[PDB]
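Data first, discussion second: the structure below is written as structure tokens.
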Protein chains: 2
Amino acid sequence: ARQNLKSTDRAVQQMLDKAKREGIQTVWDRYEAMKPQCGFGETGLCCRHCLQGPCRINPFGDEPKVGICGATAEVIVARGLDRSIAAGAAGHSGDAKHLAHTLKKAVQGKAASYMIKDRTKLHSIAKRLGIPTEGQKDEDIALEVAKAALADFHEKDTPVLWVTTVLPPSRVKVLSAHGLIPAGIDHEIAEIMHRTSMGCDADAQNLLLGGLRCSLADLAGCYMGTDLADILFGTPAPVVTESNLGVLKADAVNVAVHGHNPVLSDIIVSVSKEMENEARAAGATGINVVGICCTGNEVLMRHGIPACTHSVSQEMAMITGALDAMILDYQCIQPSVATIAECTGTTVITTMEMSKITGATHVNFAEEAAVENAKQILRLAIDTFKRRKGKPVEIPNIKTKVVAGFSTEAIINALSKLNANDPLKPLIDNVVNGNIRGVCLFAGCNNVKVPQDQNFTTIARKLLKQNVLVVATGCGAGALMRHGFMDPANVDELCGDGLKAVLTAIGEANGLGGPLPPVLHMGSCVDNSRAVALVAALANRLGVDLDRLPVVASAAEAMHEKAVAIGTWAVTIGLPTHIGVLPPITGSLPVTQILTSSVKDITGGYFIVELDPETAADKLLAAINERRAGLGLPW
Amino acid sequence: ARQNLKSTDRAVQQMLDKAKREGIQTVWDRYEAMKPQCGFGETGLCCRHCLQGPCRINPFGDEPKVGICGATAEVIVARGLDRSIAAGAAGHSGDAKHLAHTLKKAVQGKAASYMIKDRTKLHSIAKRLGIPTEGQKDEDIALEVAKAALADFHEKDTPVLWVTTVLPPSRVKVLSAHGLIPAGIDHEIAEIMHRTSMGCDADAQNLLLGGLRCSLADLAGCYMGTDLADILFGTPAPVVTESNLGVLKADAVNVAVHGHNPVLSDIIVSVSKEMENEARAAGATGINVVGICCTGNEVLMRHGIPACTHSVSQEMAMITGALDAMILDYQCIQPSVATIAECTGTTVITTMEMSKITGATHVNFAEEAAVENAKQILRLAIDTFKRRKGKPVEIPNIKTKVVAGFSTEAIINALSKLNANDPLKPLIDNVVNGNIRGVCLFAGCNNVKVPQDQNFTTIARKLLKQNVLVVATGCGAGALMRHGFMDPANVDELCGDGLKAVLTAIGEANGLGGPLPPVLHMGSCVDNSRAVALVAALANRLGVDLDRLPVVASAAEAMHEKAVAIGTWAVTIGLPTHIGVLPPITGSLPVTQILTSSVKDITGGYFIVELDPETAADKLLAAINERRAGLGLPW
Ligand code: SF4
Ligand code: SF4
Ligand code: FES
Ligand code: FES
Ligand SMILES: [Fe+3]
Ligand SMILES: [Fe+3]
């Protein structure tokens, strides 16, 4: 079998060979077994919103042409897309809500394992929300910030402040004029579910305006999530670590943290250090915490925990035979891991009441009992490592060097070595003179339909040669880190002369043997909000709105409903937004035209749907260069 | 064509003939054009929760057997059902939330067309919520009640009070022990959308427990909706009116109110009386307000507005040629009405920002401008009536007499004529001696898959002969009213001797020429909460929980996601609950077994899935009689 058609990651290819000869079914095998997939669903032309269904519409030809209730293709497509945005919003904001309750508990004395770690961040958030700090205790400031976070989930006298206080006033003004500012995060999710139910909203433009507003609720959830985690766990600064399956170690207890919420994994990290000697006694060198998906990104950014794999290839960590435990909370966890665990000997542990997997061991995690629960979990991992004594494992000897931890604050600090009191100016200077063509954010997942990482790396390589400053989050950062894009030793090979000069100048001014890495890792998926903060700060420094800046986003291999919500709010805040996988919209030309074209007249952003990555790179460059020409810059 | 295979309503049959020869496509024609429908969707074995999809699972045979991410049939079925419950919850609770904001505006001086109409109801609700009334102004009590309603949508220090204060403490105790009490209405909707997104909750029992809890959020939305509308518009008392298309009048301006929220339609009713002479000048006898769906039920219950049609047959009102306007807010409105309007000359008017229909005229309704907006809308209706001057119309000369308005308070009052200080005892007496075998609630929609009204009337006839006291809401009440079941002249023909004696005894004691009607109309779909109040009051009077009472529910022809939510909370509060249409669950035997059987061990309720109405009637009788035998009663 040609494993490079499944993944461009050589360590993943090696594990696919091992899974094949051991007879362990993979996500790629389940994909093959699903082909050919349903064309009504692929195009968006299916509706199950009531029990008169299921209804479908032929993309071309004869009947059925319309849903049983009269719903058109346009309504059906818009309604399905709207529910996906609401679902993504519900995940990101459920993540943030957990962080909000955790911060509240922490400063109320209910969970001593948690504390205010970043006082500076606490105060800057309180100030941005209009929460007075002068004369207040940190605990009381934090209490107020947690209360404001929870208040943004419902209607109140103010709109969602994690939208209106994080975007430039001019952007908020154009969104308010279209009625797009969310009134409450869960309020908007519920309204989507209402308006998309049978016999309700049946106008594509009305429905899609609702989706834009719900995407801003998703953005608020992301930004709140990043804010609260930085308070609780620290704002990331530049770190050095490694990535890919070669970060596992046969002689250690290998513990993957997988899912999204750092309330769990940050505790695993610190507790695993406390139990090192208990692990030495079981015959291990120690506990080797490694990261998968966003929760791994979280502990990579803050602690330098090596990333072992991401997204579509998550099963391959287990296939090595050396993964003793996989500790889960929620989101983007293939449920197959619970059945594969029986073949690989991995102990799979769920921790969240609303995210169980049949066959997995459930260990309830309560923030009030975080250390005790973590030790109960890590002891299951040690028992498992003992059980594989004298078993051979196959860990591919494949890893990359990863410089990461580029929070927006860290980026501002790095630039400040070139201009202390105007740190954004050196970046803008080099945009203006052409050393930086523009900025591209890579975000989102892998998708089994796309050879793993192929779009991310193909697009990134073209952009970097054209002097684009590339930043990345989530499993887009995962793809780029696993292929060397976060190793500064690759600046010469990857970057155009102008971008190299800039990365080198900044790196030299920060006391480094050389340049920043080719791609700046800005964090998890909620940390797409960091890219927003940076671009908003650039917008404010220049006196223009985001839809005039040479900034684009690419969800190059998108999968999750969360990635659709992110892409939609990237469009809503004004960015040309590439998506490298077909969302289910092509069954409706009017919807596609709204999302790819007429939405420009509303928010200035627009979707770029392009499945061929070389073509996508050209379209993203043209989008960047059209912005440059709109600022009167050469390009 | 055999029109009685489409509808058992003779007036609907006549209009189907007219639509056929005029070439106007109907919901039944769009259904025919959809056959055969997708079996993966019918069985629940389809998932589009991420962009790796669509995924499907063969009910039998070979691959695909599992979703691409590893999701089993059980997870896929549970996840889809959970989203339908959340969507229904979002509709009923969005309805209530609108009523809450309307009551707040009214007692804040912002909307003088609205007022506290039922002071007694206001105070009894405030008392039930623990809101002190002693020494308070009505406006301040109402302000507090509106604030408590809005607070139930989010997390707070108390759970959802429109659950915990409306069910017996013993029922709340068994639900709390299973973790089923909702924490906030929109909180639960969002959590469903989160836990059902890709890579999250993947255990059928865990997922379905979540659905039970979200259904209680739906129940809270229903009960809040009924409570607030009764405050604002009056608690219903016995009324006499008529139903079916024969209530339209060629010589009047015929105005249908259609949708769900009475904040709009109650104003249409009163304003339409003010503009009677303006309508006389356009050559009409007056304005003939008639009802469709739940908003018609609302004005039927409170004002005696005749019901013209319901649910699946809503288009047929327009086909008469005499419907000058159809005034819409949201929910259960077939979007086809906007295109049919062009053939029939009806003016279709949308009023709610989140519920537009392409091609319909949008007139924004603001509660602050209710009278002015209503007159702008009614003037469009008058213009339309003038345009059909000299046109023939075909109004089937078919209607029934309808006694309705049986709120739980009205039922208690009627019984109190037999026992002033213990009004529930005469009912319990006649349950015990066998004159009343038990109680059956008919609820929910019509569904195009079922010949309209056939399940409702077949089941009702068998139950009434067996002395079951039948109550009904929504389009179940609509089906029964259109077939004479709310006409007391039909008691002799329809009711067993024991039930007749009881209906006659109660009717005689309320100064009537004879008995109560064969079926008690308890209101709209949110007014299913009234049936809950009655059964809860019976439970409390007897000292037992609802799952020991001889009470059942039948969603005999269910359609909307709302009907699934209602059925699920009927099971959750302890009722044997028939559904007469296949929900998409049969692709998973474990899910079906949970919902039809093992949930008995959790809540005491259970689903009875039975598509044959004679068999369903037998199963509902057995369920009733098993309850009777559990109380030690003969049966
Ligand atoms: S909402 Fe309309 S289009 Fe969707 S399943 Fe029901 S009848 Fe069909
Ligand atoms: S969530 Fe799993 S089952 Fe559903 S579409 Fe995505 S891969 Fe397929
Ligand atoms: S018909 Fe295949 S997705 Fe519904
Ligand atoms: S395959 Fe038909 S409902 Fe999805
Ligand atoms: Fe993620
Ligand atoms: Fe209804």
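Here are a few things to note about the model shown:
- Over all other residues within a Cβ to Cβ distance under 13 Å of A:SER272, the charged ones net out to -1, with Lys and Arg as +1 and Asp and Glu as -1.
- Projected onto its three principal axes, the C-alpha set of the stretch B:530-598 covers 42, 25, 15 Å, listed from the longest axis down.
- Net charge contributed by nearby residues that have their C-beta within less than 10 Å of A:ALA250 (K/R +1, D/E -1): +1
- FRET efficiency for B:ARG119 and A:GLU278, using Cβ-Cβ distance with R0 set to 45 Å, rounded to 0.05: 0.05
- Counting Cβ atoms of other protein chains within 10 Å of each Cβ in B:81-94 and taking the mean gives 5.
- Under the Karplus curve 6.51 cos²θ - 1.76 cosθ + 1.60, θ = phi - 60°, whole-Hz ³J(HN,Hα) for the stretch B:590-596, x wherever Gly or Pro sits: x, 5, 4, 5, 4, 6, 9
- Using distinct alpha-carbon pairs, which all enter the 1/r mean, Kirkwood radius of the stretch A:237-405 in Å: 15.5
- Cut-off 14 Å between beta-carbons: net charge of the residues surrounding B:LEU427, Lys and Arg +1, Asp and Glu -1: +2
- Label geometry 7 Å along the beta-carbon vector: B:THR596 inter-copy distances in nm: 4.7
- Prolate/oblate/rounded label for the stretch A:91-201 (Cα gyration tensor, a/c 1.5): oblate
- For the stretch A:303-322 and the stretch A:37-99, distance of Cα centres in Å: 33
- P(r) tail for chain B: Cα pairs beyond 36 Å make up 36% of the total.
- Cross-link pairs A:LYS65/B:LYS562; A:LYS121/A:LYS449; B:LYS35/B:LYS391; A:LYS104/B:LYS356; B:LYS6/B:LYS386 - those with Cα-Cα distance over 29 Å: A:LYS121/A:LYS449; B:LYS35/B:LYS391; A:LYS104/B:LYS356; B:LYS6/B:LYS386
- q = 0.12, 0.13, 0.14, 0.16 Å⁻¹, the stretch B:408-635: log10 I(q)/I(0) [Debye, one scatterer per Cα]: -0.59, -0.70, -0.81, -1.08
- Under the simplified labelling scheme, the A:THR586-B:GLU372 pair shows an inter-label distance of 5.0 nm, with each label point 7 Å from Cα along Cα→Cβ.
- Spin-label pair A:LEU5/B:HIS178, simplified geometry with 7 Å Cα→Cβ offset, distance in nm: 4.9
- Coupling constants for the stretch A:49-60 follow from the phi torsions by the Karplus curve (6.51 cos²θ - 1.76 cosθ + 1.60, θ = phi - 60°), and in residue order they are 7, 8, 7, 6, x, x, 10, 9, 10, 5, x, 9 Hz; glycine and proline get x.
- DSSP-defined beta bridges in chain B - what % are antiparallel, rounded to 5: 15
- 7 Å along Cα→Cβ, label-point gaps from B:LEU611 to other copies, nm, shortest first: 3.6
- Nonlocal amide H pairs with A:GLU242, under 5 Å, H built at 1.01 Å: A:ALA307, A:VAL402
- Phi angles of the stretch A:551-556 translate, via the Karplus equation with coefficients 6.51, -1.76, 1.60 and θ = phi - 60°, into HN-Hα couplings of 10, 9, 10, 9, 8, 5 Hz per residue; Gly and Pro are given as x.
- Label-point distances for B:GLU508 to the equivalent site in the other copies, using a point 7 angstrom along Cα→C-beta, read 10.8 nm when ranked shortest first.
- Label-point gap, in nm, between A:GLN136 and A:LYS156 - each point 7 angstrom along Cα→Cβ: 1.2
- 20 Å Cα-Cα reach of A:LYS401 towards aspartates and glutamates, excluding residues that sit fewer than 8 places from it in its own chain: A:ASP9, A:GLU242, A:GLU298, A:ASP453, A:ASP487, A:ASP492, A:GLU493, A:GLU508
- Nonlocal amide H pairs with A:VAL348, under 5 Å, H built at 1.01 Å: A:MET326, A:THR361
- With R₀ set to 35 Å, the beta-carbon distance separating B:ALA501 from B:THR596 gives a calculated FRET efficiency near 0.50.
- If a spin label sat at a point 7 angstrom from the Cα of B:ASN58 along the line to its beta carbon, the backbone N atoms of the stretch A:34-62 nearer than 18 Å would be those of A:34-39.
- Here the convex hull built on the C-alpha positions of the protein assembly as shown has a volume of 173 cubic angstrom per residue.
- Summarising the amide proton neighbourhood of B:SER7: residues at separation of 5 or more, or on other chains, whose placed amide H is nearer than 5 Å comprise B:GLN452.
- Peptides A:412-422, B:122-132 ordered by average Cβ neighbours within 10 Å, highest first: B:122-132, A:412-422
Each reported figure results from applying straightforward, stated rules to the coordinates on display, with no laboratory input. Note that each Cβ is placed from the backbone with ideal geometry, even for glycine, and that neighbours are counted across all protein chains shown.
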